[PDB]
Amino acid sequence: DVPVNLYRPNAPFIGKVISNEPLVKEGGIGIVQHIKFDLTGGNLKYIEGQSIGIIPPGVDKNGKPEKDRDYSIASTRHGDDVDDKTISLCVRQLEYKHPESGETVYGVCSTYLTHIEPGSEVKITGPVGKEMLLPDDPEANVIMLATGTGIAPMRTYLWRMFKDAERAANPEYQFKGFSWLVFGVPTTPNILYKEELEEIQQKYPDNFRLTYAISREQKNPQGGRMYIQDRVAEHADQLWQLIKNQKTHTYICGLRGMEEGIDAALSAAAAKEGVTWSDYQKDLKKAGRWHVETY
């Protein structure tokens, strides 16, 4: 049922860039781009929570062809125009230290993508992944814990749940549960898709809650910068009470490092009721109700 590896590295789909828009507003940190690709002329299909590969041009420092890099799909199965013709990505330009030889180092595939022009052809593989799928059950509770580009699979969920055109296109999924996104970014200009998330919470106050952790604008109770683990700690009891429901799913996505603090906070909440979270969590994972994609 789930589409997987309709295209592979040895024979990728050659798509075309339709658009490449900035998601970091003025005064933000770094570069994050929303990139939409044209799927017509191939049979790439996908669903929410999946990823695709991009193969960038060029050779590495050893003269070898650059390999596939994976990116979370940021559009629903229908694409952003709900026409089943496109796919979108949410791509950060990787750049970093002199402690790697040079000045700023720029990631190969992410710089290629963030600066790519409409009309350009791109090698696309996939889709891949079965561990970040949304339940078919419209009454499920969905907790979403995202930092940075980890917003990508959450966008596919929330758009399927809450976009008018999606609801009209998806007879069998009329979401009536409760979802709660905790989203960590450094600044308010760095809140990817801010306007549309806040629009969704406004329209569906009983079905969507939005919580920000903004490190350059907020301090945790210990006086440090506010991170997502701080917000999960602040709301640990609320989150644990939701997690106790047999129909609750939790999704974690972002750059690696968030999980440790999320676990310590939930562990303290569950312990009050004589539950060891690490054991409860293994069971959730086994049941397919604890989903993690970090990188």
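Throughout, we count residues from 1 along the sequence that is shown.
When the two stretches 246-254 and 60-68 are set side by side, the higher mean Cα temperature factor goes to 60-68. As recorded in the PDB entry, 213-221 is the stretch of 213-221 and 146-154 with the greater mean C-alpha temperature factor. Across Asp80, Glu198, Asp164, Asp137, the greatest Cα temperature factor reported in the deposited entry is at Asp137.
Considering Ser88, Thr125, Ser110, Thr104 together, the PDB entry gives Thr104 the largest C-alpha B factor. Split the chain's modelled residues into thirds by C-alpha temperature factor. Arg92 is in the lowest one. Ranked within its chain, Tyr173 lands in the highest third, by CA B factor from the PDB record. Sort the chain's modelled residues by C-alpha temperature factor and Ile55 lands in the lowest third, per the entry.
Ranked within its chain, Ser179 lands in the middle third, by CA B factor from the PDB record.
Split the chain's modelled residues into thirds by C-alpha temperature factor. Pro22 is in the middle one.
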